[PDB]
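Everything below belongs to query-v7.cif, which stores mmCIF, C-alpha atoms and all ligand atoms.
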data_structure
#
loop_
_atom_site.label_atom_id
_atom_site.label_comp_id
_atom_site.auth_asym_id
_atom_site.auth_seq_id
_atom_site.Cartn_x
_atom_site.Cartn_y
_atom_site.Cartn_z
CA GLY Q 8 -59.67 11.93 28.56
CA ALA Q 9 -58.06 9.00 26.64
CA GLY Q 10 -57.74 7.72 23.04
CA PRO Q 11 -56.40 4.74 21.00
CA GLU Q 12 -52.65 4.06 20.54
CA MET Q 13 -51.07 4.29 17.05
CA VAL Q 14 -48.21 2.06 15.72
CA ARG Q 15 -47.05 2.35 12.05
CA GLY Q 16 -50.02 3.70 10.06
CA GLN Q 17 -52.60 1.47 11.87
CA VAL Q 18 -54.94 2.16 14.87
CA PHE Q 19 -54.68 -0.37 17.78
CA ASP Q 20 -58.11 -0.16 19.57
CA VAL Q 21 -56.95 -2.43 22.45
CA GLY Q 22 -57.19 -0.37 25.68
CA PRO Q 23 -57.63 -0.05 28.57
CA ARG Q 24 -56.02 -3.46 29.44
CA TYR Q 25 -53.42 -3.23 26.73
CA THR Q 26 -50.94 -0.31 26.83
CA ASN Q 27 -47.34 0.62 25.70
CA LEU Q 28 -47.24 -0.86 22.20
CA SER Q 29 -44.14 -2.04 20.29
CA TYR Q 30 -44.34 -3.12 16.65
CA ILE Q 31 -43.32 -6.83 16.00
CA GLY Q 32 -44.31 -7.40 12.33
CA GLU Q 33 -47.04 -7.31 9.64
CA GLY Q 34 -48.73 -8.90 6.61
CA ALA Q 35 -51.42 -8.91 3.90
CA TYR Q 36 -54.32 -8.22 6.30
CA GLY Q 37 -52.85 -7.58 9.75
CA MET Q 38 -50.08 -6.41 12.11
CA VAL Q 39 -48.58 -7.86 15.38
CA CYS Q 40 -47.51 -5.87 18.48
CA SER Q 41 -46.56 -6.53 22.06
CA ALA Q 42 -48.48 -4.73 24.91
CA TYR Q 43 -48.80 -4.70 28.77
CA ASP Q 44 -51.83 -6.71 30.10
CA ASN Q 45 -53.43 -5.27 33.30
CA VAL Q 46 -55.93 -7.99 34.56
CA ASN Q 47 -52.93 -10.33 34.58
CA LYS Q 48 -49.76 -8.23 34.92
CA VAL Q 49 -47.41 -9.30 32.13
CA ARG Q 50 -46.60 -8.10 28.60
CA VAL Q 51 -48.54 -10.07 25.85
CA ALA Q 52 -48.61 -10.44 22.03
CA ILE Q 53 -51.58 -8.79 20.21
CA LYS Q 54 -52.43 -9.30 16.49
CA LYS Q 55 -54.74 -6.85 14.65
CA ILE Q 56 -56.60 -8.70 11.83
CA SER Q 57 -58.57 -6.84 9.14
CA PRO Q 58 -60.03 -9.62 6.89
CA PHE Q 59 -63.56 -8.49 6.29
CA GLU Q 60 -63.12 -7.21 2.66
CA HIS Q 61 -61.93 -10.71 1.40
CA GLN Q 62 -63.50 -14.23 1.36
CA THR Q 63 -60.28 -16.26 1.95
CA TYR Q 64 -58.96 -13.92 4.74
CA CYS Q 65 -62.37 -14.43 6.51
CA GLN Q 66 -62.01 -18.23 6.01
CA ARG Q 67 -58.47 -18.18 7.39
CA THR Q 68 -59.25 -15.80 10.35
CA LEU Q 69 -62.19 -18.00 11.29
CA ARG Q 70 -60.28 -21.34 10.98
CA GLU Q 71 -57.38 -20.01 13.14
CA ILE Q 72 -59.77 -18.79 15.83
CA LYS Q 73 -62.02 -21.86 15.84
CA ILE Q 74 -58.88 -24.15 16.07
CA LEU Q 75 -56.99 -22.24 18.74
CA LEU Q 76 -60.04 -21.74 20.98
CA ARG Q 77 -60.60 -25.57 20.79
CA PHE Q 78 -56.90 -26.40 21.44
CA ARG Q 79 -55.28 -26.49 24.87
CA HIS Q 80 -51.67 -27.67 24.83
CA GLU Q 81 -48.38 -26.58 26.33
CA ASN Q 82 -46.60 -26.62 22.91
CA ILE Q 83 -49.32 -24.75 21.05
CA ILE Q 84 -49.96 -20.99 21.28
CA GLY Q 85 -53.47 -20.33 22.64
CA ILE Q 86 -55.74 -17.31 22.56
CA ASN Q 87 -55.97 -15.49 25.95
CA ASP Q 88 -58.40 -12.73 24.83
CA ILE Q 89 -60.09 -11.39 21.68
CA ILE Q 90 -60.92 -7.68 21.40
CA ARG Q 91 -63.46 -6.43 18.91
CA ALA Q 92 -66.40 -3.92 18.68
CA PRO Q 93 -69.69 -4.96 20.36
CA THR Q 94 -71.69 -4.81 17.06
CA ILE Q 95 -70.93 -6.36 13.62
CA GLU Q 96 -71.42 -2.87 12.07
CA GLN Q 97 -68.72 -1.30 14.31
CA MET Q 98 -66.44 -4.38 13.86
CA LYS Q 99 -63.71 -3.46 11.29
CA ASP Q 100 -60.86 -5.33 13.06
CA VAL Q 101 -60.30 -8.23 15.49
CA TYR Q 102 -57.42 -8.25 17.95
CA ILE Q 103 -56.17 -11.69 19.07
CA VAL Q 104 -54.28 -11.62 22.39
CA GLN Q 105 -51.63 -14.33 23.01
CA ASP Q 106 -48.71 -15.21 25.29
CA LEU Q 107 -45.67 -13.08 24.31
CA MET Q 108 -42.68 -15.22 23.49
CA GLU Q 109 -39.02 -14.06 23.57
CA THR Q 110 -37.99 -15.26 20.14
CA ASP Q 111 -38.62 -17.78 17.35
CA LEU Q 112 -36.52 -20.58 15.84
CA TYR Q 113 -35.86 -18.53 12.59
CA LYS Q 114 -34.16 -15.74 14.63
CA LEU Q 115 -32.45 -18.37 16.83
CA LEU Q 116 -31.00 -20.27 13.85
CA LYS Q 117 -29.67 -17.16 12.12
CA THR Q 118 -27.76 -16.13 15.36
CA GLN Q 119 -27.18 -19.34 17.45
CA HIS Q 120 -25.45 -22.67 17.14
CA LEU Q 121 -27.72 -25.39 18.62
CA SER Q 122 -26.20 -28.18 20.72
CA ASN Q 123 -27.46 -31.74 19.98
CA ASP Q 124 -29.38 -31.56 23.31
CA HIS Q 125 -31.24 -28.39 22.15
CA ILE Q 126 -32.10 -29.93 18.77
CA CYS Q 127 -33.43 -33.06 20.49
CA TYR Q 128 -35.55 -31.04 22.93
CA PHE Q 129 -36.88 -28.67 20.27
CA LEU Q 130 -37.75 -31.64 18.02
CA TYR Q 131 -39.50 -33.43 20.90
CA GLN Q 132 -41.65 -30.32 21.55
CA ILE Q 133 -42.47 -29.73 17.90
CA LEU Q 134 -43.62 -33.35 17.55
CA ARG Q 135 -45.54 -33.32 20.92
CA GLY Q 136 -47.55 -30.24 19.79
CA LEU Q 137 -48.01 -31.85 16.38
CA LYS Q 138 -49.21 -35.12 17.98
CA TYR Q 139 -52.03 -33.04 19.48
CA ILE Q 140 -52.81 -31.10 16.28
CA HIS Q 141 -53.02 -34.33 14.13
CA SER Q 142 -55.03 -36.10 16.86
CA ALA Q 143 -57.74 -33.34 16.31
CA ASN Q 144 -57.78 -34.14 12.56
CA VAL Q 145 -56.11 -30.77 11.88
CA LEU Q 146 -53.13 -30.08 9.62
CA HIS Q 147 -51.01 -26.98 10.43
CA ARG Q 148 -49.74 -26.76 6.78
CA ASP Q 149 -47.12 -24.02 7.29
CA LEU Q 150 -44.67 -25.30 9.88
CA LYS Q 151 -41.41 -23.43 9.57
CA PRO Q 152 -38.87 -21.91 12.01
CA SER Q 153 -40.58 -18.47 12.23
CA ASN Q 154 -43.80 -20.26 13.37
CA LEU Q 155 -41.94 -21.93 16.23
CA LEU Q 156 -41.79 -19.62 19.22
CA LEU Q 157 -39.43 -19.88 22.15
CA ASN Q 158 -39.12 -18.44 25.59
CA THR Q 159 -35.93 -17.89 27.61
CA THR Q 160 -36.05 -21.44 29.07
CA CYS Q 161 -36.28 -23.05 25.56
CA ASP Q 162 -40.02 -23.86 25.92
CA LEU Q 163 -41.40 -24.11 22.44
CA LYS Q 164 -44.92 -23.26 21.08
CA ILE Q 165 -46.35 -23.65 17.55
CA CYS Q 166 -48.22 -20.61 16.24
CA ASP Q 167 -49.87 -19.34 13.04
CA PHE Q 168 -52.83 -21.62 12.14
CA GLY Q 169 -53.66 -19.36 9.28
CA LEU Q 170 -53.38 -22.08 6.59
CA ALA Q 171 -54.61 -24.88 8.82
CA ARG Q 172 -57.24 -27.31 7.44
CA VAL Q 173 -59.16 -30.27 8.72
CA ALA Q 174 -57.41 -33.34 7.14
CA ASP Q 175 -59.03 -34.67 3.99
CA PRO Q 176 -56.94 -37.52 2.53
CA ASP Q 177 -59.75 -38.74 0.26
CA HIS Q 178 -59.59 -35.39 -1.64
CA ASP Q 179 -55.74 -34.90 -1.67
CA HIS Q 180 -55.22 -35.51 -5.49
CA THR Q 181 -54.52 -32.74 -7.97
CA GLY Q 182 -52.71 -32.11 -11.21
CA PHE Q 183 -49.08 -31.44 -11.88
CA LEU Q 184 -47.82 -27.91 -10.94
CA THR Q 185 -50.99 -26.96 -9.02
CA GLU Q 186 -50.35 -23.62 -7.21
CA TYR Q 187 -49.79 -23.82 -3.45
CA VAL Q 188 -50.03 -21.36 -0.56
CA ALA Q 189 -47.64 -22.63 2.18
CA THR Q 190 -44.05 -21.48 2.53
CA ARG Q 191 -42.00 -22.91 -0.40
CA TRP Q 192 -38.90 -24.27 1.43
CA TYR Q 193 -40.98 -26.55 3.71
CA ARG Q 194 -43.29 -27.94 0.90
CA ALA Q 195 -43.28 -31.74 0.50
CA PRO Q 196 -42.28 -33.10 -3.00
CA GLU Q 197 -45.86 -34.31 -3.65
CA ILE Q 198 -47.21 -30.68 -3.51
CA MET Q 199 -45.50 -29.92 -6.83
CA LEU Q 200 -46.57 -33.37 -8.26
CA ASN Q 201 -50.05 -34.50 -7.17
CA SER Q 202 -51.09 -33.35 -3.64
CA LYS Q 203 -53.24 -30.56 -2.27
CA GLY Q 204 -51.53 -30.85 1.18
CA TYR Q 205 -54.62 -32.33 2.95
CA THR Q 206 -52.84 -35.27 4.62
CA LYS Q 207 -50.81 -35.38 7.92
CA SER Q 208 -47.70 -36.38 5.95
CA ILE Q 209 -47.43 -32.82 4.62
CA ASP Q 210 -46.60 -31.57 8.13
CA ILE Q 211 -44.07 -34.31 8.81
CA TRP Q 212 -42.15 -33.25 5.67
CA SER Q 213 -41.95 -29.65 7.08
CA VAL Q 214 -40.73 -30.96 10.47
CA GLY Q 215 -38.04 -32.92 8.55
CA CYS Q 216 -36.94 -29.69 6.86
CA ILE Q 217 -36.94 -27.93 10.30
CA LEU Q 218 -34.73 -30.72 11.75
CA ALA Q 219 -32.26 -30.51 8.86
CA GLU Q 220 -32.19 -26.77 9.37
CA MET Q 221 -31.45 -27.09 13.12
CA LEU Q 222 -28.53 -29.39 12.29
CA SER Q 223 -26.71 -26.82 10.00
CA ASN Q 224 -28.43 -23.35 10.56
CA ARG Q 225 -29.36 -23.27 6.84
CA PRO Q 226 -32.52 -24.36 5.10
CA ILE Q 227 -32.04 -27.72 3.43
CA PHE Q 228 -34.16 -27.06 0.28
CA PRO Q 229 -34.04 -23.26 -0.38
CA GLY Q 230 -35.74 -23.38 -3.78
CA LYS Q 231 -35.95 -20.06 -5.59
CA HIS Q 232 -39.29 -20.76 -7.33
CA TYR Q 233 -42.12 -23.36 -7.55
CA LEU Q 234 -40.34 -26.20 -9.51
CA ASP Q 235 -36.85 -25.43 -8.23
CA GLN Q 236 -38.20 -26.65 -4.85
CA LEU Q 237 -38.60 -30.14 -6.39
CA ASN Q 238 -35.09 -29.79 -7.97
CA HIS Q 239 -33.59 -29.15 -4.54
CA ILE Q 240 -35.44 -32.12 -2.90
CA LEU Q 241 -34.48 -34.58 -5.63
CA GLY Q 242 -30.83 -33.33 -5.59
CA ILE Q 243 -30.49 -34.68 -2.00
CA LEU Q 244 -32.99 -37.59 -2.01
CA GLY Q 245 -32.02 -38.62 -5.58
CA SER Q 246 -34.32 -40.07 -8.24
CA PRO Q 247 -37.56 -41.65 -7.06
CA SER Q 248 -37.67 -45.48 -7.24
CA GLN Q 249 -39.96 -47.32 -9.69
CA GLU Q 250 -42.35 -48.12 -6.80
CA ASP Q 251 -42.60 -44.46 -5.74
CA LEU Q 252 -42.95 -43.31 -9.41
CA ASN Q 253 -45.84 -45.81 -9.83
CA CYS Q 254 -47.92 -44.22 -7.03
CA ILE Q 255 -47.83 -41.01 -9.20
CA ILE Q 256 -50.53 -41.81 -11.69
CA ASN Q 257 -50.94 -38.36 -13.29
CA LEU Q 258 -48.96 -38.67 -16.52
CA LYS Q 259 -47.70 -35.09 -16.62
CA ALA Q 260 -46.13 -35.55 -13.16
CA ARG Q 261 -44.75 -39.06 -13.94
CA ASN Q 262 -43.30 -38.02 -17.31
CA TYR Q 263 -41.70 -34.96 -15.71
CA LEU Q 264 -39.91 -37.21 -13.24
CA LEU Q 265 -38.98 -39.69 -15.97
CA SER Q 266 -37.60 -36.79 -18.04
CA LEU Q 267 -34.93 -35.96 -15.40
CA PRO Q 268 -31.34 -37.26 -15.46
CA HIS Q 269 -30.76 -39.99 -12.87
CA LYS Q 270 -29.53 -38.60 -9.43
CA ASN Q 271 -28.19 -40.65 -6.52
CA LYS Q 272 -28.99 -39.98 -2.90
CA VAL Q 273 -26.67 -37.57 -1.00
CA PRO Q 274 -26.11 -39.42 2.35
CA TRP Q 275 -27.26 -37.50 5.38
CA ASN Q 276 -23.92 -38.02 7.14
CA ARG Q 277 -22.16 -35.95 4.31
CA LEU Q 278 -24.55 -32.99 4.60
CA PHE Q 279 -24.49 -33.26 8.39
CA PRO Q 280 -21.15 -34.74 9.42
CA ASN Q 281 -21.33 -33.51 13.06
CA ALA Q 282 -24.97 -34.75 13.57
CA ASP Q 283 -26.15 -37.51 15.89
CA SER Q 284 -26.66 -40.66 13.84
CA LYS Q 285 -30.04 -41.34 15.46
CA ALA Q 286 -31.09 -37.75 14.50
CA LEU Q 287 -30.13 -38.60 10.89
CA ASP Q 288 -32.10 -41.87 10.90
CA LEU Q 289 -35.25 -39.97 12.05
CA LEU Q 290 -34.46 -37.21 9.49
CA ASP Q 291 -34.29 -39.88 6.75
CA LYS Q 292 -37.67 -41.22 7.80
CA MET Q 293 -39.34 -37.72 7.88
CA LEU Q 294 -37.85 -36.77 4.53
CA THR Q 295 -39.11 -39.87 2.65
CA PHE Q 296 -40.22 -38.93 -0.92
CA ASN Q 297 -43.25 -41.24 -0.74
CA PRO Q 298 -45.83 -39.74 1.63
CA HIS Q 299 -47.41 -43.16 2.41
CA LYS Q 300 -44.01 -44.47 3.55
CA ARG Q 301 -43.18 -41.28 5.56
CA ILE Q 302 -43.05 -41.72 9.34
CA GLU Q 303 -46.18 -40.52 11.27
CA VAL Q 304 -46.04 -38.15 14.27
CA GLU Q 305 -46.47 -40.76 17.03
CA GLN Q 306 -43.98 -43.09 15.39
CA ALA Q 307 -41.47 -40.11 15.24
CA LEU Q 308 -41.98 -39.58 19.01
CA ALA Q 309 -41.13 -43.22 19.67
CA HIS Q 310 -37.92 -43.02 17.56
CA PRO Q 311 -34.63 -43.76 19.51
CA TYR Q 312 -33.35 -40.18 18.94
CA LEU Q 313 -36.18 -38.98 21.22
CA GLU Q 314 -35.87 -41.67 23.96
CA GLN Q 315 -34.78 -39.27 26.73
CA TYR Q 316 -38.15 -37.54 26.39
CA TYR Q 317 -40.57 -40.03 25.01
CA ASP Q 318 -43.53 -40.51 27.34
CA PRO Q 319 -46.82 -41.19 25.52
CA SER Q 320 -48.81 -40.80 28.75
CA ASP Q 321 -47.46 -37.17 28.87
CA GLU Q 322 -48.02 -36.41 25.13
CA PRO Q 323 -51.72 -35.56 25.22
CA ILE Q 324 -54.31 -35.86 22.46
CA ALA Q 325 -57.26 -33.61 21.73
CA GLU Q 326 -60.51 -34.13 23.70
CA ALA Q 327 -62.63 -32.79 20.76
CA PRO Q 328 -61.34 -33.50 17.23
CA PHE Q 329 -62.76 -31.68 14.20
CA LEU Q 338 -69.90 -18.97 2.54
CA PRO Q 339 -69.52 -15.31 1.43
CA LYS Q 340 -67.26 -12.87 3.39
CA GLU Q 341 -70.50 -11.36 4.95
CA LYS Q 342 -71.73 -14.73 6.41
CA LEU Q 343 -68.14 -15.42 7.57
CA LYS Q 344 -67.91 -11.96 9.28
CA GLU Q 345 -70.98 -13.12 11.29
CA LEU Q 346 -69.24 -16.43 12.20
CA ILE Q 347 -66.16 -14.48 13.34
CA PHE Q 348 -68.49 -12.25 15.39
CA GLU Q 349 -70.19 -15.38 16.95
CA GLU Q 350 -66.91 -17.11 17.50
CA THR Q 351 -65.34 -14.19 19.42
CA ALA Q 352 -68.51 -13.36 21.49
CA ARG Q 353 -67.28 -15.13 24.68
CA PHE Q 354 -64.42 -12.62 25.27
CA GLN Q 355 -66.89 -9.71 25.34
CA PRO Q 356 -68.04 -7.98 28.53
CA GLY Q 357 -71.32 -9.77 29.41
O1 LIG Q 401 -49.75 -14.24 13.96
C1 LIG Q 401 -48.60 -14.50 13.64
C2 LIG Q 401 -47.40 -14.57 14.51
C3 LIG Q 401 -47.26 -14.29 15.88
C4 LIG Q 401 -46.01 -14.42 16.49
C5 LIG Q 401 -45.80 -14.20 17.95
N1 LIG Q 401 -44.57 -13.75 18.26
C6 LIG Q 401 -44.28 -13.58 19.56
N2 LIG Q 401 -43.05 -13.11 19.88
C7 LIG Q 401 -42.04 -12.68 18.93
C8 LIG Q 401 -41.25 -13.86 18.41
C9 LIG Q 401 -40.10 -13.38 17.55
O2 LIG Q 401 -39.25 -12.48 18.28
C10 LIG Q 401 -39.98 -11.32 18.67
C11 LIG Q 401 -41.12 -11.67 19.60
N3 LIG Q 401 -45.08 -13.84 20.60
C12 LIG Q 401 -46.29 -14.30 20.28
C13 LIG Q 401 -46.69 -14.51 18.98
CL1 LIG Q 401 -48.29 -15.10 18.73
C14 LIG Q 401 -44.94 -14.89 15.71
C15 LIG Q 401 -45.09 -15.18 14.36
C16 LIG Q 401 -46.33 -15.02 13.75
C17 LIG Q 401 -46.78 -15.23 12.34
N4 LIG Q 401 -48.18 -14.80 12.39
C18 LIG Q 401 -49.08 -14.81 11.23
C19 LIG Q 401 -48.60 -13.97 10.04
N5 LIG Q 401 -48.71 -12.50 10.14
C20 LIG Q 401 -47.79 -11.92 11.12
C21 LIG Q 401 -47.85 -10.41 11.03
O3 LIG Q 401 -49.17 -9.92 11.26
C22 LIG Q 401 -50.10 -10.50 10.35
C23 LIG Q 401 -50.07 -12.01 10.40
#
Same coordinates, now as structure tokens:
Amino acid sequence: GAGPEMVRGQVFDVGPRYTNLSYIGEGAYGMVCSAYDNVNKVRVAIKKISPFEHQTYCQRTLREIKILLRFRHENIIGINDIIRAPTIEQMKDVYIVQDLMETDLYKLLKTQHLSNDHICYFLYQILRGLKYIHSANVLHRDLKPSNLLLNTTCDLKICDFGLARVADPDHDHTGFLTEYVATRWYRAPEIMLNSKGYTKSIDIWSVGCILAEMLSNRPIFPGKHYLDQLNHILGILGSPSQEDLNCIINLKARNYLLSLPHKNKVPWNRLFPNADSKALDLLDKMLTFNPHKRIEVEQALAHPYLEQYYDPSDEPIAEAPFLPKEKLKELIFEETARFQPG
């Protein structure tokens, strides 16, 4: 004589394994809760996803599931279970079950001072997970503190592959002021200038911003709107060099940059006067304006700031690197079939 648990306007058809629901958060086409697992005997995170009315939500639901079911890595959130109806017809929602984590780095930074040892460890873990992601030819594309989950022992896992894409550097070019989907504060300068965010360098920029944020508890480039993001970046980095300008061939983007008053570099040791100098040298290298000159993930791991942890033999790579909303609903159905009874 049972029935499904309710949360905050939405049905959570997740029983009988998954009981005692607390609300965590929500978005455009879904809501996250915690719940008690019964096969294993721990509380878990469950996300309800309702994408089937929209093309791009189907694309994003499918990419996140295909990626995370492929990935196995200590610093990357996996999928433990997927709950949906046994028929496409009856399938209105998909529930993704994941390890529950205590907190995230956004909540941690707003409440907690980080010691240099914590920053170093968190950075190591971020980069170790990202070594794996990049090694599969995947870009996360929305790395930010709220997508970095932590447990009580400071173990870190990257989550939210909702904007993730297979890398595509041969098709990265676009016009000036091309709209972009990823979180504004962690967008690389080239996004606003000439990049679609389909190279690995776009993630390194975000990690740079994360590192700067761990050093002061405040976002480094908190732009209030699209182009103000570029204003913030150039206010610290200063004016691009002639060389770096010359790689920007779109005239509208080049002439914008040429239009701006000259700005000199703010040195990292003035923004971050209590920071480790090795941490600032790696920061400098992650926040390089020119994406071709920007440090890569494996090269960041080998940087002297990370020497206490660096062990390439223990920083694994991926074994297996990488439509209308009605054909995508069928791919989601196929892709989640393995978690069904029988
Ligand atoms: O799926 C997730 C997600 C999951 C988690 C998550 N959190 C936790 N523990 C919380 C961390 C903080 O302290 C409270 C506990 N544990 C596991 C996950 Cl897997 C975190 C952040 C995100 C962002 N996101 C996509 C965007 N939307 C979210 C709302 O629903 C629609 C989709």
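Proximity to ligand LIG 401 (chain Q) was assessed for Q:14, Q:101, Q:134, Q:166 counting all atoms listed in the file; the smallest distance is recorded for Q:166.
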Using all atoms listed in the file, which residues of range 96-188 of chain Q come within 12 Å of range 234-247 of chain Q, and what is the closest atom pair for each, with the distance in Å to one decimal? Give it as a tab-separated table, sorted by chain and residue number.
residue	atom	partner	partner_atom	distance
Q:183	CA	Q:234	CA	10.5
Q:184	CA	Q:234	CA	7.8
Q:185	CA	Q:234	CA	10.7
Q:186	CA	Q:234	CA	10.6
Q:187	CA	Q:234	CA	11.5
Practice task
Rank Q:325, Q:115, Q:309, Q:227 by their smallest atom-to-atom distance to ligand LIG 401 (chain Q), using only C-alpha atoms and all ligand atoms, and report the top residue only.
Solution key: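 Comparing Q:325, Q:115, Q:309, Q:227 against ligand LIG 401 (chain Q), the winner is Q:115.
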Exercise for the section: Name the residues in contact with residue 168 in chain Q at a cut-off of 8 Å, using only C-alpha atoms, excluding same-chain residues fewer than 4 positions from it; report them as a PyMOL selection string. Expected result: chain Q and resi 70-71+74-75+147+149
Could you save the residues just selected, with C-alpha atoms, as a short mmCIF file (atom, residue, chain, number, x, y, z; two decimals), in the coordinates of the input?
data_model
loop_
_atom_site.label_atom_id
_atom_site.label_comp_id
_atom_site.auth_asym_id
_atom_site.auth_seq_id
_atom_site.Cartn_x
_atom_site.Cartn_y
_atom_site.Cartn_z
CA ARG Q 70 -60.28 -21.34 10.98
CA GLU Q 71 -57.38 -20.01 13.14
CA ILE Q 74 -58.88 -24.15 16.07
CA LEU Q 75 -56.99 -22.24 18.74
CA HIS Q 147 -51.01 -26.98 10.43
CA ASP Q 149 -47.12 -24.02 7.29
#
Practice task
Would you mind reading off the distance between CA of residue 31 in chain Q and atom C7 of ligand LIG 401 (chain Q), one decimal, in Å?
Solution key: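 Separating CA of residue 31 in chain Q from atom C7 of ligand LIG 401 (chain Q) is a distance of 6.7 Å.
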Exercise for the section: Residues within 10 Å of ligand LIG 401 (chain Q), counting all atoms listed in the file: report them as JSON, numbers by chain. Expected result: {"Q": [30, 31, 32, 33, 34, 35, 36, 37, 38, 39, 40, 41, 50, 51, 52, 53, 54, 55, 56, 57, 68, 71, 83, 84, 85, 86, 103, 104, 105, 106, 107, 108, 109, 110, 111, 112, 113, 114, 115, 152, 153, 154, 155, 156, 157, 158, 164, 165, 166, 167, 168, 169, 170]}
Practice task
Work out how far CA of residue 282 in chain Q is from CA of residue 122 in chain Q, in Å to one decimal.
Solution key: 9.8 Å
Practice task
Could you please determine the separation between CA of residue 202 in chain Q and CA of residue 181 in chain Q in Å, to one decimal place?
Solution key: 5.6 Å
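Here the question is which of Q:266, Q:58, Q:80, Q:317 gets nearest to residue 139 in chain Q using only C-alpha atoms, and that residue is Q:80.
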